[PDB]
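Novice: Enclosed are the sequence and the experimentally obtained structure.
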Amino acid sequence: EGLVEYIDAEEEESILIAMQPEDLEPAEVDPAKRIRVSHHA
Amino acid sequence: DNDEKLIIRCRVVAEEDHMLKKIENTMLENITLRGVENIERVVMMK
Amino acid sequence: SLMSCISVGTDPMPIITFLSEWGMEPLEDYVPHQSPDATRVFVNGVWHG
Amino acid sequence: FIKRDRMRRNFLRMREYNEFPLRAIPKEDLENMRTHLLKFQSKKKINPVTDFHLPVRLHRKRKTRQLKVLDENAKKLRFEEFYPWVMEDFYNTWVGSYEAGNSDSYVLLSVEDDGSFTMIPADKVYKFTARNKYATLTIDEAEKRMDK
Amino acid sequence: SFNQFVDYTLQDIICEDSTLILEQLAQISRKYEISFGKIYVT
Amino acid sequence: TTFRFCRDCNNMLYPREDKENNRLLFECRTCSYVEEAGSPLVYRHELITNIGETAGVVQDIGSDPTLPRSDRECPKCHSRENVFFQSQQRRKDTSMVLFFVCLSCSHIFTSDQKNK
Amino acid sequence: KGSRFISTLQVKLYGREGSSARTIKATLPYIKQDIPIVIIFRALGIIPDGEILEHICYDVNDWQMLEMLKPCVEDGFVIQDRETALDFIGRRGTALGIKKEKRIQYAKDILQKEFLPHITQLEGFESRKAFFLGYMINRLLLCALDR
Amino acid sequence: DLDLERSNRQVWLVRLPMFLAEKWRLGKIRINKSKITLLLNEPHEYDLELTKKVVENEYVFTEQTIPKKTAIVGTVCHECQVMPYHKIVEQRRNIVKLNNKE
Ligand SMILES: [Zn+2]
Ligand SMILES: [Zn+2]
């Protein structure tokens, strides 16, 4: 169905991955939470 | 020194062009202009 | 890792076959000087075209 | 902040034009005949052998038992045909080698006397190169000289 | 990497040199060949 | 550099000084073919490089995934969308300055200011 | 497939930096010594110098590569003929089959199979290797050129 | 004793995809001025695409040291390859990418 793509090392040189989807994909708190990077990309 | 283009040239008294290549090498390579051999980055320090 | 496997590989024939029928000019006929920006196409370290 | 599993309870609950005809050429002539394709590297615009030179002469230039290695016939046949093809005058000269890259999928449209055509498969192609034109050769004369 | 092996590589290794031939000269010559088949696994 | 090749031999046209005319020729060391000297230069070394630092620039350059972004105008188009990258001379001591490319007209423009 | 070859063409870059004699030889198997590269282009039928630089420098505009190429070309200027070139190599490896009519066959024979056993091992594709090689050179310069 | 039959017989070599070449081991060229087309013999209708306008240093010869009976047929007049009716050709092409073995 073309949902997820198997990926290897050589291939990774060419792509730009996201840590967590909800984290990052939608363009847009506890003090005890670890500080997390932005979705500029 | 008054010149903005620091340019220096020379000529000599088969094909001379090749010795020049040998000749211009040594010039660049082995002619120190000052300072002792093997010594670079005279680094100050207090 | 947990989520890793290994390519057990295959034949590359059908692949080559495709590009053949798909504009990958044969190498032999490559004339760079006039086609400056051809993208080289490699397979398994074999620069086919 | 916990591990919850029975959501199977949830999930099972939550659930102009000009015609030009063709003809596959008769086969007997092909059966008797071998034809192939010339290619030159002269970088000359056409290099017509007409304007090349005359004449033209193109041609190739009891014990016990034992083990023989195995090869398919066409390879043995073509390997055997290692004598490079050479056309001459008796003045310039041309020789080539086989290419094996583009002899498969190749049929030619002979522009016959008619606007029609015939289609002819390709047997071989060759790449004749001019040679000896400035005629310098030092077979071992520069070789032994080389080591200098 | 084993299912791959048993299925295919085993055979392709056979098919490479199924054949090897011995030719006896006479006084018309002989020529003995022997060749393998597809591989069967129990 | 920028040296011709023979005709009917297509081999590199070496310098041959004419002593008579007091000038330089250029021959096919394979054949007879020769030709005069059109630029009084012969050779050069050119130790330093600021050449090529725009390699890979194509009118297909934006299509790259991972060049990050900014907004500066085309210094010609005034077109404020564009993409950047660093000096293609992936040499050691090279400076950092950023090469930008308009996405309207692919207008090259870097980001350093000291010399355009 | 086929005897699982381990054949390592290496393409050495003679010459420490700055120095001239920046020559390039290559170490084809069963060959006693390292062979100058132009002798190999020739060996695969690319006689003329202009055609050669097509195989390696992929730009009519970068000349620096050509500059480091310069010495490597006259390296070949000795030879001008494929057969001489091929004969040269015949003179270069495991000379047992004295017949030059059989020996230059052999340097042919070897360079059919025993060199880049990949892209082929059969007659005719000789030019295609002459690119792939002609490419490997490019990167060697390209690297040593620090780009 | 090489012979030159014509060395000028204008000929258009073509490269083909596998199926038609295999089917070729006639038709009608409907040149359209230059959207050249061909009406094949029944089967599909494959036009003419101009792979190379002008073709040189390339000629057709024949065969029957040892010389052999060799004649010069003619010069390649113009190179073409083929545009292959279409969806079925497209379907079989993608279908061709689905081989198998024992
Ligand atoms: Zn010349
Ligand atoms: Zn702009």
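Specialist: Thanks, I have it. Residues are numbered from 1 along each chain as shown, chains lettered A, B, ... in the order given. Ligands and ions are numbered 1, 2, ... in the order given.
Novice: Centre-most residue in chain G?
Specialist: In chain G, the C-alpha closest to the average C-alpha coordinate belongs to residue G:40, at a distance of 3.2 Å (CA atoms, centre = their mean).
Novice: Run through the residues that contact that residue.
Specialist: Residues near residue G:40 by CB atoms under 8 Å, 6 or more residues apart in numbering or on different chains: G:26, G:85, G:130, G:133. Any C-beta I mention is one placed from the backbone N, CA and C, and that applies to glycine too.
Novice: So which of those residues is surrounded by the most neighbours?
Specialist: residue G:85 (27 neighbours; other CB atoms under 10 Å in any protein chain shown).
Novice: thinking again about what came up before, looking at the contacts of residue G:40, which is nearest residue H:42?
Specialist: residue G:130 (45.2 Å; CB to CB).
Novice: Checking my notes, that closest one in a strand, right?
Specialist: No. Applying DSSP: H, G, I helix; E, B strand; the rest coil, one finds residue G:130 to be helix, outside a strand.
Novice: quick one: contacts for it?
Specialist: Counting by CB under 8 Å, 6+ apart, residue G:130 touches G:40-41, G:44-46, G:55.
Novice: Look up how far residue G:56 lies from it.
Specialist: For residue G:130, the distance to residue G:56 under the criterion CB to CB, to the nearest Å works out to 10 Å.
Novice: ok, now residue G:129?
Specialist: Shown here: residue G:129 relative to residue G:56, a distance of 13 Å by CB to CB.
Novice: Tell me which residue is most central in the chain.
Specialist: Chain wasn't specified; assuming chain A. For chain A, the residue lying nearest the average C-alpha position, counting by CA atoms, centre = their mean, turns out to be residue A:18 (1.2 Å).
Novice: actually chain E
Specialist: residue E:18 (1.5 Å).
Novice: Helices of the chain, start to end?
Specialist: Picked chain A for this. Listed in chain order, the helices of chain A (DSSP state H) span residues A:9-12, A:21-24.
Novice: helix or strand for residue G:68, which one?
Specialist: Assigned by DSSP states H and E, residue G:68 falls within helix G:64-77.
Novice: Which SSE is immediately downstream of that helix?
Specialist: Under the assignment DSSP H and E, the closest C-terminal helix or strand after helix G:64-77 is helix G:82-90.
Novice: Touching stretch F:39-50 from outside, list them.
Specialist: For stretch F:39-50, with CB under 8 Å, 6+ apart as the criterion, the contacting residues are B:17, B:24, F:1, F:15, F:24, F:89, F:91.
Novice: mind checking how far it is from the chain centre?
Specialist: When C-alpha coordinates are averaged (CA atoms, centre = their mean, to the nearest Å), stretch F:39-50 and its chain have centres 13 Å apart.
Novice: so where does residue E:14 fall, helix or strand?
Specialist: Residue E:14 belongs to helix E:10-16 when elements are defined using DSSP H and E.
Novice: Contacts (any at all) between chain D and that helix?
Specialist: No. Under the criterion of CB under 8 Å from any CB of the partner chain, chain D is not reached by helix E:10-16; the shortest gap measures 10.8 Å.
Novice: hmm, that helix touching chain G?
Specialist: Yes. Judged by CB under 8 Å from any CB, helix E:10-16 comes into contact with chain G through E:12, E:16.
Novice: Please point out which parts of that helix sit buried.
Specialist: Of the residues in helix E:10-16, residue E:11 count as buried by neighbour count, 16 or more other CB atoms under 10 Å in any protein chain shown.
Novice: now for the helix or strand following that helix, which elements pack on it?
Specialist: Next along the chain after helix E:10-16, taking DSSP H and E as the criterion, comes strand E:20-23. Helices and strands touching strand E:20-23, as assessed by 3 or more CB pairs under 8 Å, 6 or more residues apart in numbering or on different chains; DSSP states H and E, comprise strand D:66-68, strand E:32-34.
Novice: From the rest of the structure, what touches the next helix or strand after the first one?
Specialist: Tracing the chain C-terminally past strand D:66-68 and defining elements by DSSP H and E, one meets helix D:73-80 next. With CB under 8 Å, 6+ apart as the test, helix D:73-80 has contacts from D:71, D:98, G:122-123.
Novice: can the residues you listed go into a markdown table with extra columns for secondary structure, distance to ligand 1 and neighbour count?
Specialist: Below are these laid out as a markdown table (DSSP: H, G, I helix; E, B strand; the rest coil; distance: CB to the ion, whole Å; neighbours: other CB atoms under 10 Å in any protein chain shown):
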| residue | secondary structure | distance to ligand 1 | neighbour count |
| --- | --- | --- | --- |
| D:71 | coil | 42 | 10 |
| D:98 | coil | 28 | 21 |
| G:122 | coil | 34 | 13 |
| G:123 | coil | 30 | 17 |
